[PDB]
Amino acid sequence: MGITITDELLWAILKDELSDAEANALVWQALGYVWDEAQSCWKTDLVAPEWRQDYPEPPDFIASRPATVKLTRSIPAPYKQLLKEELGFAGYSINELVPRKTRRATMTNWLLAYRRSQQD
């Protein structure tokens, strides 16, 4: 659907507050797959057809990276640095460069390009 994101929400993932199942959820709401507790399934009414087309389950960016290609479509050249050009984040230190957390920064990059594109 057309949710908003905030810099606070973005920083929460960069820090540590969001979790695996939580950080996935914030992407899944934003597209609009939006778990239908009535249907016991992911809804798709509220998501763009180019996303729901081929996606019978939501994108796990932590294990997998199929949809990382699809996010990149919506991340144009003038929006690659929005982590620093909105917030001021760039990348992590060595001591923190875990596969658990690096895979968040991919989706977080996309979250900025979405919220910014809404004001075009």
# chains A, B, ... in the order shown; residues from 1 in each chain; ligands from 1

$ residues_around --residues "region 104-117 of chain A" --least-positions-apart "5" --cutoff "8 Å" --atoms "only C-alpha atoms" --output "PDB file with C-alpha atoms, in the first residue's frame"
ATOM      1  CA  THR A   4       5.168   6.165   5.268  1.00  0.00           C
ATOM      2  CA  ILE A   5       8.693   5.363   6.579  1.00  0.00           C
ATOM      3  CA  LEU A  10      15.295   3.056   9.379  1.00  0.00           C
ATOM      4  CA  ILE A  13      17.206  -1.738  11.879  1.00  0.00           C
ATOM      5  CA  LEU A  14      20.761  -0.286  11.487  1.00  0.00           C
ATOM      6  CA  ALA A  23      12.494  -6.389   9.730  1.00  0.00           C
ATOM      7  CA  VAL A  27       9.088  -4.625   4.035  1.00  0.00           C
ATOM      8  CA  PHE A  61      15.983 -11.345   2.411  1.00  0.00           C
ATOM      9  CA  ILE A  62      17.911 -12.953   5.325  1.00  0.00           C
ATOM     10  CA  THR A  68      17.004  -8.093  -3.922  1.00  0.00           C
ATOM     11  CA  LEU A  71      14.243  -4.020  -5.047  1.00  0.00           C
ATOM     12  CA  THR A  72      17.147  -2.785  -7.203  1.00  0.00           C
ATOM     13  CA  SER A  74      13.076   0.669  -7.656  1.00  0.00           C
ATOM     14  CA  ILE A  75      16.556   1.903  -6.431  1.00  0.00           C
ATOM     15  CA  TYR A  79      19.012   7.015  -4.688  1.00  0.00           C
ATOM     16  CA  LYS A  80      21.922   4.597  -4.010  1.00  0.00           C
ATOM     17  CA  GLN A  81      23.335   6.619  -1.082  1.00  0.00           C
ATOM     18  CA  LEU A  82      20.016   7.522   0.679  1.00  0.00           C
ATOM     19  CA  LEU A  83      21.323   5.752   3.858  1.00  0.00           C
TER      20      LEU A  83
END

$ select_by_dssp --residues "chain A" --states "strand (DSSP E or B)" --output "number ranges by chain"
A: 35-36, 41-42

$ write_last_selection --atoms "N, CA and C atoms" --output "CSV table (one decimal), in the first residue's frame"
chain,number,residue,atom,x,y,z
A,35,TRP,N,-0.4,-9.6,5.9
A,35,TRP,CA,-0.9,-10.9,6.3
A,35,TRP,C,-2.4,-10.8,6.6
A,36,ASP,N,-3.2,-11.5,5.8
A,36,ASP,CA,-4.6,-11.6,6.0
A,36,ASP,C,-4.9,-12.8,6.9
A,41,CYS,N,-3.5,-16.2,4.8
A,41,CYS,CA,-2.6,-16.1,3.7
A,41,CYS,C,-2.2,-14.6,3.6
A,42,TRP,N,-1.1,-14.4,2.8
A,42,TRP,CA,-0.7,-13.1,2.4
A,42,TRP,C,-1.8,-12.6,1.4

$ residues_around --residues "residue 50 (chain A)" --least-positions-apart "6" --cutoff "12 Å" --atoms "only C-alpha atoms" --output "list in words"
residues 31, 32, 44, 67, 70, 71, 73 and 74 of chain A

$ select_by_dssp --residues "chain A" --states "helix (DSSP H, G or I)" --output "PyMOL selection string"
chain A and resi 7-15+20-31+49-52+67-73+77-79+82-87+94-96+99-117

$ residues_around --residues "residue 30 (chain A)" --least-positions-apart "4" --cutoff "8 Å" --atoms "only C-alpha atoms" --output "count of residues only"
4

$ atom_distance --atom1 "CA of residue 60 (chain A)" --atom2 "CA of residue 85 (chain A)"
26.6 Å
